[PDB]
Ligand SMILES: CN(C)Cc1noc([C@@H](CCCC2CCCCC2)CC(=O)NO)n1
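Given as structure tokens, the chain that follows is alone and in the form deposited without the named molecule.
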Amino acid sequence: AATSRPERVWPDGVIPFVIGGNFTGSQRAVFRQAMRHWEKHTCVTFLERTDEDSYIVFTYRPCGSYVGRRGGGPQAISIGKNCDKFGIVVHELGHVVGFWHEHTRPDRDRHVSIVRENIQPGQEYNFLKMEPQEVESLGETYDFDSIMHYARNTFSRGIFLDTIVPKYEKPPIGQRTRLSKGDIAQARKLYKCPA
């Protein structure tokens, strides 16, 4: 679910950043590891902010991110003890780079079923598709292994009640260990990375 909006693509892949206060040294090291992971695989670069008007801020705040470059000022990545692991930060940086959740692709109904009977009442909005004008997938197919893909029981009424079920053979969903091959391939196209 790569944004179609050109102004949301950070210029030349440069993403200035600030790390806020109130983190431990270990937490800060994880933020740097997550940035370096993106930099290893794609042409995105993270730059210690000096005077840039628009930048990301790793912000001590409750868990619960703008997609792409908002512009007009800083944008926060909310980090707490329940959402500070490497793979979670890599996912949040996927939002920063320009990705919505994989299940919100306009073509998602070709790939997953949303099991409405199992969604926690009042949490249905989390499963809305992006409008087709908001996403340009760059010719890359739906990626079950994306770091941006929800797990099978996200916002479910029960641990064993799936809210998202792949439609064909089932691929595991919801990994938060590293960027997938598809994430990388698609980020490279979005940022027009040299190859």
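The first residue of the sequence shown is number 1, and the count goes up from there. Note that the rigid core is defined as the largest set of C-alphas that superpose within 1.5 Å between two forms.
The same protein also has a form deposited with the named molecule bound, omitted here; what follows describes it.
- The closest heavy atom approach of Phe46 to the named molecule in the entry with it bound falls outside 4.5 Å.
- Contact annotation: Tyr60 falls outside 4.5 Å of the named molecule in the entry with it bound, judged by heavy atom distances.
- When the named molecule is considered in the entry with it bound, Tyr142 lies well away from it, no heavy atom lying within 4.5 Å.
- For the chain shown alone, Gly87 is a contact residue for the named molecule in the entry with it bound, at least one non-hydrogen atom being within 4.5 angstroms.
- Think of it this way: in the entry with it bound, the named molecule has a heavy atom of just one of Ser137, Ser54, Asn126, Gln33 within 4.5 Å, and the residue is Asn126.
- Within 4.5 angstroms of the named molecule in the entry with it bound, the stretch 85-102 places a non-hydrogen atom from each of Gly87, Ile88, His91, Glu92, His95, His101, taken in sequence order.
- The residue that stands out in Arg49, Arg157, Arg70, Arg32 is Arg157, the single one whose Cα moves by 2 angstroms or more between the shown form and the other one on a rigid core fit.
- For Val90, a C-alpha deviation below 2 angstroms is recorded between the shown form and the other one after rigid-core alignment.
- A movement of the C-alpha atom of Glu124 reaching 2 angstroms or beyond is seen between the shown form and the other one when the two forms are aligned on their rigid core.
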